[PDB]
Ligand SMILES: Cc1cc2nc3c(=O)[nH]c(=O)nc-3n(C[C@H](O)[C@H](O)[C@H](O)CO)c2cc1C
Ligand SMILES: Cc1cc2nc3c(=O)[nH]c(=O)nc-3n(C[C@H](O)[C@H](O)[C@H](O)CO)c2cc1C
């Protein structure tokens, strides 16, 4: 039996590229990605599960935006940032990335949810 | 935002004493317990979250049944066992305990679900 992680998605997130990471595992890997995420980024499931989502960054991604996300994660707060991201074929898009922390009933950080939206 | 862990319950488990543990944390602690669990066992939420469910065992609990559960957990398989358990007031009941593993999309063990049923 597999956890239905999507049961923890918000209504906005249902048609989207959305992912969950597990910060209690080494390197905060993605443990779930939606099919829209895989379609927009050009990857298969095998290529992305268990990896940190850093692989969407590329040669012209701003390193301060990357550090901003890292700090935002440490803060355990809701945040949104526009960051240049790339697909497997190397094509680039501005990603409006929204991240929020999700807690267990004890109030311990359990997952991060991330939603990607290409800015048009 | 708190994960709705009960979204991962089976239909049988809805009216029951049911709990989830996190085996990736030290001592495989309960991260969720239903109100029926707290009512049947005589505890408050603060008294049980973050603890291993071993505290339901007591003076006449059979140590081989305890080891059977431990091995069943290591096996990552569905199992049921009748074990003598106790409430906070020291009263005892035969618990028909059913445990199953729950996996993430990668196929890694994520949680155990446990359902308690007093045998009448
Ligand atoms: C749930 C979640 C989703 C993320 N999604 C993206 C993303 O879409 N693009 C990106 O560049 N970084 C993303 N990151 C950031 C990346 O995984 C890493 O945290 C940063 O590179 C800072 O170390 C995400 C992080 C988390 C926790
Ligand atoms: C999800 C879950 C529920 C459990 N529920 C009970 C229980 O109701 N009574 C009990 O004696 N042990 C229970 N245990 C067993 C206990 O926590 C521990 O695993 C055993 O004592 C073997 O170490 C449970 C274990 C898990 C993982």
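Points to keep in mind about this one:
Residues checked against (1) under 30 Å from residue A:45 (Cβ atoms); (2) more than 10 Å from ligand 2 (Cβ to nearest atom); (3) within 14 Å of the chain's Cα centre (by Cα); (4) assigned to a strand (DSSP E or B):
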{"site": "B:27", "(1), (2), (3), (4)": "no, no, yes, no"}
{"site": "B:31", "(1), (2), (3), (4)": "yes, no, yes, yes"}
{"site": "B:37", "(1), (2), (3), (4)": "no, no, yes, no"}
{"site": "B:54", "(1), (2), (3), (4)": "no, no, yes, no"}
{"site": "B:60", "(1), (2), (3), (4)": "no, yes, no, no"}
{"site": "B:74", "(1), (2), (3), (4)": "yes, no, no, no"}
{"site": "B:102", "(1), (2), (3), (4)": "yes, no, yes, yes"}
{"site": "B:112", "(1), (2), (3), (4)": "yes, no, yes, yes"}
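- Number of residues in segment B:92-120 that are in contact (Cβ under 8 Å) with a residue 40 or more places away in the chain and over 20 Å from residue B:34 (Cα atoms): the value is 1.
- Answer residue from segment B:44-65, given it is surrounded by 14 or more Cβ atoms within 10 Å (Cβ to Cβ) and in contact with a helix residue (DSSP H, G or I) (Cβ under 8 Å, 6 or more places away or on another chain) and is nearest to residue A:3 (Cα to Cα) among those: B:48
- Contacts under 6 angstrom Cβ, first residue in segment B:2-30 being facing chain A (nearest Cβ under 9 Å) and in contact (Cβ under 8 Å) with a residue 24 or more places away in the chain, partner more than 12 Å from ligand 2 (Cβ to nearest atom) and in a strand (DSSP E or B), 6 or more apart: none
- Listed conditions (1) within 13 Å of ligand 2 (Cβ to nearest atom); (2) surrounded by 15 or more Cβ atoms within 10 Å (Cβ to Cβ); (3) within 14 Å of chain A (Cβ to nearest Cβ) are all met by residue B:41, apart from (3).
- Matching residues in segment A:42-52 - criterion: being over 12 Å from the mean Cα position of the chain (by Cα), assigned to a helix (DSSP H, G or I) and closer than 21 Å to residue A:92 by Cβ: A:47
- Some residue of segment A:2-21 being more than 13 Å from ligand 1 (Cβ to nearest atom), touching a strand residue (DSSP E or B) at 6+ places or on another chain (Cβ under 6 Å) and in a strand (DSSP E or B): yes
- Some residue of segment B:87-96 being more than 15 Å from residue B:58 (Cα to Cα), within 12 Å of the chain's Cα centre (by Cα) and within 12 Å of ligand 2 (Cβ to nearest atom): yes
- Applying the criterion of being farther than 20 Å from residue A:38 by Cβ and within 6 Å of ligand 1 (Cβ to nearest atom) to the residues of segment A:50-88, the residue that is nearest to the other protein chains (Cβ to nearest Cβ) is A:73.
Coordinate-derived values only; no laboratory data. With ideal geometry, Cβ positions are generated from the backbone for all residues, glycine too; neighbour counts draw on all protein chains shown.
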